[PDB]
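Comments concern the structure below.
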Amino acid sequence: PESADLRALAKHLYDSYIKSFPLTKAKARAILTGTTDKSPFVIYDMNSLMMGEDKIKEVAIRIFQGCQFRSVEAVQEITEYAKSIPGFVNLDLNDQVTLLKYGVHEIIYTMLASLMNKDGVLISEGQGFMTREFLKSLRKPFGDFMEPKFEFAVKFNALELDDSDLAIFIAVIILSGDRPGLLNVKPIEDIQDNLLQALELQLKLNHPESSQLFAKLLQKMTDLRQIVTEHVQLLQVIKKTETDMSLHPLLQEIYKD
Ligand SMILES: *[C@H](/C=C/CC(=O)CCCCC(=O)O)C/C=C\C/C=C\C/C=C\C/C=C\CC
C-alpha cells in the first residue's frame with residue numbers, strides 16, 4: 001500500500017535512469033570484468049595513447065580537455081534525469097538551477113565510480129580504458145586531480161550498489177534542501193523525504209543481507225563534498241598556471257557560485 005507507492009517510485013526512477021544514461025554500471029562492469037566483443041583498448045603510456053585515437057597540443061591538456069567535454073556531456077544527461085524526478089520541474093526555476101549546479105558534480109563523481117576500477121577508468125563510452133598510473137604520471141597540476149576520485153571509487157564500489165539503487169541515490173543528491181541560495185526549501189525537502197523512503201525500501205529489498213547499507217550510503221555524501229572542494233581548488237591553479245587553457249561555459253557557470 002504505502003510501500004507499493006515507494007516501489008513504484010523506485011521503478012520509475014530506474015526507468016528514467018536507464019534512458020538518461022547511455023553507459024550504466026551493468027555495461028561498465030561487464031566490459032571491465034571481461035567477453036570478446038566488449039573488450040576495451042588500454043592506454044597505459046604515450047605510445048598506447050597515440051595508438052588509441054586510431055582505434056577509437058599537449059598530452060596533459062588534451063586529456064584534460066577530453067574530461068571537460070565528458071563532464072559537459074554528463075551534465076546534460078544528468079539534467080534530463082533531474083527533469084524526470086517527480087515534482088522537480090514544478091519547483092521554482094531558480095531553485096531548479098541552483099539544485100542542478102550543486103548537485104551535478106556529486107552525481108558525476110558517483111557515476112564515475114561505476115566506470116572505475118583500482119587499476120583504471122573506462123573512456124569513450126567503454127571503448128577505451130585509461131590506467132590510473134598513466135593519469136597520475138601526467139605533469140602537475142593535471143596529474144594530481146584523478147587521485148581523489150579513484151580513492152573514493154574503490155571505497156564506494158565496496159558497497160556493491162545496483163544501478164537501480166544508484167538511480168534513487170542520485171535523485172536524493174539532487175533534491176537537497178541545504179543548497180546555498182534556495183528560494184524555497186520546503187517543497188524540496190518533501191520530495192527528498194519521499195525519495196529517502198524509496199531508497200531505504202530499495203536497499204533493504206535489494207540487499208537484505210547487507211546491514212545498515214542505507215546509513216553507510218548516506219555517510220558517503222561527505223566524501224563527495226570533499227572531492228568537489230579539492231577539484232575547485234585545483235581548477236583555480238590551472239587558470240593561473242595556464243592562461244592559454246579554456247574552460248567550457250556550462251562548466252564555468254556552475255563553478256562560479
Ligand atoms: C576525465 C576526468 C574528469 C574529472 C571528473 O571526474 C569530472 C570533473 C571534471 C570536469 C569538471 O566538472 O570540471 C577522465 C574520465 C573520464 C573521461 C575520460 C576521457 C574522455 C572519454 C570519454 C569520457 C569517459 C566516459 C564517457 C563514456
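All values below were derived from every heavy atom in this structure, side-chain atoms included, with hydrogens, water molecules and symmetry-related copies excluded. Counting from 1, the numbers follow the sequence of the chain as shown.
With no hydrogens or angles considered, a side-chain donor-acceptor pair links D45 and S48 at under 3.5 Å. Looking only at atom types and distance, the side chain of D163 has no donor-acceptor partner in the side chain of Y14 under 3.5 Å away.
Legend: residues meeting side chain to side chain donor-acceptor pair (under 3.5 Å) with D193, ordered by chain and number and at least two apart, are absent. Scanning for salt bridge (charged side-chain N to carboxylate O under 4.0 Å, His left out) contacts around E147 gives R132, with sequence neighbours left out. With sequence neighbours excluded, the residues satisfying side-chain contact (heavy atoms from CB on, under 4.5 Å) with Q212 are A215, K216. Remark: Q127 engages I56, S124 in a side-chain contact (heavy atoms from CB on, under 4.5 Å) (not counting sequence neighbours). Among residues two or more places apart in sequence or in another chain, the salt bridge (charged side-chain N to carboxylate O under 4.0 Å, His left out) test is passed with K19 by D15. Here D92 pairs with nothing under the salt bridge (charged side-chain N to carboxylate O under 4.0 Å, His left out) rule; sequence neighbours left out. Partners of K38 under the side-chain contact (heavy atoms from CB on, under 4.5 Å) rule, at least two apart in sequence or in another chain, are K27, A30, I31, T35. Among residues two or more places apart in sequence or in another chain, the ring-ring contact (aromatic ring centres under 6.0 Å, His included) test is passed with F152 by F156. Every residue two or more places apart in sequence or in another chain that forms a ring-ring contact (aromatic ring centres under 6.0 Å, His included) with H231 is listed here: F145, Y255. Looking at residues two or more places apart in sequence or on another chain, you find no salt bridge (charged side-chain N to carboxylate O under 4.0 Å, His left out) involving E189.
Taking the side chain as every heavy atom from C-beta outward, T24 and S114 never approach each other to under 4.5 Å. For the pair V172/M221, a side-chain contact is recorded, criterion being any heavy-atom separation below 4.5 Å from C-beta on. Counting heavy atoms from C-beta on, the side chains of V104 and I254 come closer than 4.5 Å. Side-chain contact between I238 and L247 is absent, with no heavy atoms from C-beta onward closer than 4.5 Å. Residues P1 and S3 meet the side-chain proximity criterion, which asks for heavy atoms closer than 4.5 Å. A heavy-atom distance below 4.5 Å is found between the side chains of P180 and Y102. Using a 4.5 Å heavy-atom cutoff, the side chains of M111 and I108 are not in contact. The closest side-chain heavy-atom distance from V185 to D178 is not below 4.5 Å.
Within the 3.5 Å criterion, the main-chain N or O of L182 finds no donor-acceptor partner in the side chain of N94. Checking side-chain atoms of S137 against main-chain N and O of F134 turns up a donor-acceptor pair under 3.5 Å. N157 contributes a side-chain N or O that, together with a main-chain N or O of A113, makes up a donor-acceptor pair within less than 3.5 Å.
Atoms CE and OH, on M116 and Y109 in that order, are 10.5 Å from each other to the nearest 0.5 Å. With rounding to the nearest 0.5 Å, the separation of CD1 in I18 from CG in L13 is 11.5 Å. In this structure, CZ on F169 lies 9.5 Å from CG on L203, to the nearest 0.5 angstrom. Put simply, NZ on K240 and CG on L235 are 13.0 Å apart, with the number rounded to the nearest 0.5 Å. Note that CG of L23 is 6.5 Å distant from CG of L122, once rounded to the nearest 0.5 Å. One finds the CG atom of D144 at 11.5 Å from the CG atom of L135 (value rounded to the nearest 0.5 Å).
What you find for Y81 and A167 is that their closest heavy atoms are OH-O, 2.6 Å. Nearest approach of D165 to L199, heavy atoms of both residues: O-CD1, 4.0 Å. Nearest approach of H207 to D162, heavy atoms of both residues: NE2-N, 4.2 Å. Closest non-hydrogen pair, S246 versus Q65, comes out as O-NE2, 3.8 Å. The two residues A82 and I174 make their nearest non-hydrogen contact at CB-CD1, 3.9 Å. Across all their heavy atoms, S16 and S84 have their closest contact at CB-OG, 3.4 Å.
More than 12 heavy atoms of other residues, nucleotides or ligands shown are found within 6.0 angstrom of CD on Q96. Within a 6.0 Å sphere centred on OH of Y44, other residues, nucleotides and ligands contribute 12 heavy atoms or fewer.
Through side-chain heavy atoms spaced under 4.5 Å, either directly or across other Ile, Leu, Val, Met, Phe, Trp or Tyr residues, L6 is tied to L201, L205.
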Test side chain to side chain contact (heavy atoms under 4.5 Å, CB included) on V59 and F64; report intermediate values, then the result. CA-CA 8 Å; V59 175; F64 193 82; over 6 Å; no
For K204 and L213, run side chain to side chain contact (heavy atoms under 4.5 Å, CB included): C-alpha distance rounded to whole Å, both residues' side-chain angles, the deciding distance at 0.1 Å, then the answer. CA-CA 8 Å; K204 292 220 170 94; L213 191 46; over 6 Å; no
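For residues 100-122, the pairs satisfying salt bridge (charged side-chain N to carboxylate O under 4.0 Å, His left out) are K101-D257, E106-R179, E106-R225, with sequence neighbours left out.
Follow the hydrophobic side-chain contacts under 4.5 Å out from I170 and you reach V75 in the same cluster. Linking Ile, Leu, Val, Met, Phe, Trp and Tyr residues whenever their side-chain heavy atoms come within less than 4.5 Å leaves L49 and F69 in two separate clusters. In terms of hydrophobic clustering, with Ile, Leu, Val, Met, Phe, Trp and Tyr side chains grouped at heavy-atom distances under 4.5 Å, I227 and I107 are assigned to a common cluster. No single ILVMFWY cluster, assembled from side-chain heavy atoms under 4.5 Å apart, contains both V97 and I173. Note on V154 and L161: separate hydrophobic clusters, where clusters join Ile, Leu, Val, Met, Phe, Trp and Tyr whose side-chain heavy atoms are under 4.5 Å apart, directly or indirectly.
Residue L175 is tested with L196, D190, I191, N194 for a side-chain contact (heavy atoms from CB on, under 4.5 Å); the sole match is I191. A side-chain contact (heavy atoms from CB on, under 4.5 Å) with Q76 holds for exactly one of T79, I78, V72; it is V72.
The residues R139 and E242 are annotated as salt-bridged, a charged nitrogen and a carboxylate oxygen being separated by less than 4.0 angstrom. A salt bridge links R70 and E77; the closest N-O separation between the charged side-chain nitrogens and carboxylate oxygens is under 4.0 Å.
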